[PDB]
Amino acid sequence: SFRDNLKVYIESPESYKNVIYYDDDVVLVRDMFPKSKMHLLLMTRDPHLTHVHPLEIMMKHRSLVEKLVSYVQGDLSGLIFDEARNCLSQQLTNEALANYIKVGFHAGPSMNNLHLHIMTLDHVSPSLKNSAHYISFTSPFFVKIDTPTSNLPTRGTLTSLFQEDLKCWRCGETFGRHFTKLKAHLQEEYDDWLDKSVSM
């Protein structure tokens, strides 16, 4: 099944150059179809937990959540900042980058092996090809890792979000269902953010 395509990274991280970190517990791998300039996946290698649904993870596996957050803010932090600098610009400080990075689960994953998204906010990428892509990362469908449990969406209830009009995450401008126009606007927004950030 295509839904098992990510399992090779937790079973054999030794075989993939795009696995930029691995140990006995987790694997950090570049997303093969990045939806932002930087887009990484942090996966548990635990044979049970990998097949637990992300909402269940958030709800009842707080130890794992804390452990993943600890990797991101600790031992993997330098690595992620370098990836970000390489994908965006060397001129961006850790401070600026930290405010331009989001971390979370999809409420309804396509791939069956639990994977935490770690990505920049730009959504400027050739692999961002349709409205559903964009909305899945910029709506409640993207469940940020620090979402309080009481504020989690219910499994299977977010279907309707994908039919809504497109809105820029940064400035709020709307684009109806004109994905191509959103795309061009996202590029401008990035150029703007970049210019303002280095110039700080």
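We number the residues from 1 along the sequence you see.
J.: Using only C-alpha atoms and the B-factors in the entry, which stretch averages higher, 123-131 or 76-84?
T.: In the deposited entry, the stretch with the higher C-alpha B-factor mean is 123-131.
J.: Could you settle it for me: does 170-178 or 64-72 have the higher average Cα B factor in the PDB entry?
T.: So the stretch with the higher mean C-alpha B-factor is 170-178.
J.: Identify, among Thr44, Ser136, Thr149, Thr154, the residue whose C-alpha carries the highest B-factor in the deposited PDB entry.
T.: Checking the PDB record, the top C-alpha B-factor among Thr44, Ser136, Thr149, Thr154 is at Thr154.
J.: Tell me, lowest, middle or highest third: where does the Cα B factor of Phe33 rank within its chain?
T.: For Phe33, the deposited C-alpha B-factor lands in the middle third.
J.: Can you tell me whether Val19 has a C-alpha B-factor in the lowest, middle or highest third compared with the other modelled residues of the same chain?
T.: It belongs to the middle third of the chain when residues are ordered by C-alpha B-factor.
J.: Against its chain's modelled residues, does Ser110's Cα B factor rank lowest, middle or highest third?
T.: Answer is highest: the recorded C-alpha B-factor places it there.
J.: Please place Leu158 in the lowest, middle or highest third of its chain by C-alpha B factor as given in the entry.
T.: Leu158: CA B-factor falls in the highest third of its chain.
J.: Against its chain's modelled residues, does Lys144's Cα B factor rank lowest, middle or highest third?
T.: Middle third by C-alpha B-factor.
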